[PDB]
């Protein structure tokens, strides 16, 4: 077979049978052979096993003559930022995301933090590692510890005009991941009053593995917002490249609406820019981007496709409905920090609540939310859906699965690249009833 831990976009698997220090060392050796010239940035998340996996990566890299820049315990976006900022040859983030306790993984980038994915180096690394029975060499290069976050923090703060910020009360929920470290470093530079929930990093995860999409985790942020009269709340996943917003009523804001909201925020600073978005949910983004004077650019979902489209378009911002937000000046990479700074600035400057900023958009373009299906035969199920709707002659687009635009409603139906799942998204033109009847109709067909 092949090593299961090597996935489409990253490495992830159970420790130690799918991922271990031996494999991590071999990955470091193989990565050295795939990169252009330069040092390699290494960082890791709060999981208990992550430092030892990083140390093994460093040992293999240095055995291959790569200088290593250890940026320590960090968020995934810090590996991206420092890889680009320090003009490194590449970088690796050791992170398990929201996988179980016995799991870990790696996210790999080359120069300018460009993703390394299955077809752009990751399976080449896998195949090298799979066949590597060489004895480990000894280090011929050095490791340097670079824990200075000054340039990173300055970069984050550059997205807002600090003199215009108001002393909003913000709930922040790190989920015992790593986000609180950065919040606390930003706080002396910000006027906000923070209400800190599950703030301390703890790889034992006493309050659950960080995942704000799970309703019981969602409710912890909502409750803190409501009980403290906070202006809004922010929660992160463990490596905080994803952020999740709760308005002052405690309501979780579906990520679709943040794409248009952030696009308008960015377009105020970079007028006429292009904005990349995915095909799952589109109408609101296209309208908000165009209204703000930007140009929307449709792109298949998946961070590697988004980033490569942003680069070829010089796009100022890209956003996915799945809580991923990419910024041109941030090495075209995603950050879980820039978005809430931008939203705090928008609330401060406009005098409008986060709820108000999105309310009419969510009424105008209601969406189903992403609904996932594990079916016996994905291809046959998609065909049942398309045959059912054939007599209505929808406009079809195959950018990313199937998008079908019926006029007053549309859907996107695609296979996941990271799980053996079918993913459904439906939206309508201001019609909640049509949204529900079509969502249920499609669901019945998929399950038939």
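Numbering follows the first chain given and starts at 1. Only the largest set of C-alpha atoms that superpose within 1.5 Å between the two forms is called the rigid core.
*in 9 other deposited structures of this protein, superposed on the rigid core, which stretch sits farther off in Cα RMS terms, 143-151 or 97-105?*
Taking the RMS over all superposed structures in 9 other deposited structures of this protein, 97-105 lies farther out.
*asked:* On mean Cα temperature factor in this entry, is 389-397 or 41-49 the higher one?
replied: Mean C-alpha B-factor is greater for 389-397.
*Residue stretch of maximal mean CA temperature factor, 117-125 vs 137-145*: Comparing 117-125 with 137-145, the higher mean C-alpha B-factor belongs to 137-145.
*By the entry's C-alpha temperature factors, tell me which of 236, 330, 159, 340 sits highest.*
Answer, based on the entry's C-alpha B-factors: 159.
*Say you rank 175, 369, 167, 250 by Cα B-factor from the PDB entry; which sits at the top?*
Among 175, 369, 167, 250, the PDB entry lists the largest C-alpha B-factor for 369.
*asked:* Can you tell me whether residue 383 has a C-alpha B-factor in the lowest, middle or highest third compared with the other modelled residues of the same chain?
replied: Top third by C-alpha B-factor.
_Relative C-alpha B-factor of residue 438, binned into the chain's lowest, middle or highest third_ = CA B-factor rank for residue 438: lowest third.
*Can you work out whether the C-alpha temperature factor of residue 260 puts it in the lowest, middle or highest third of the chain?*
According to the entry, residue 260 has a C-alpha B-factor in the chain's lowest third.
*Name the third of the chain's ranked CA B-factors that contains residue 180, choosing lowest, middle or highest.*
Ranked within chain, residue 180 CA B lands in the middle tercile.
*Rank-wise, by C-alpha B-factor, drop residue 187 into the lowest, middle or highest third of its chain.*
It falls in the bottom third of the chain.
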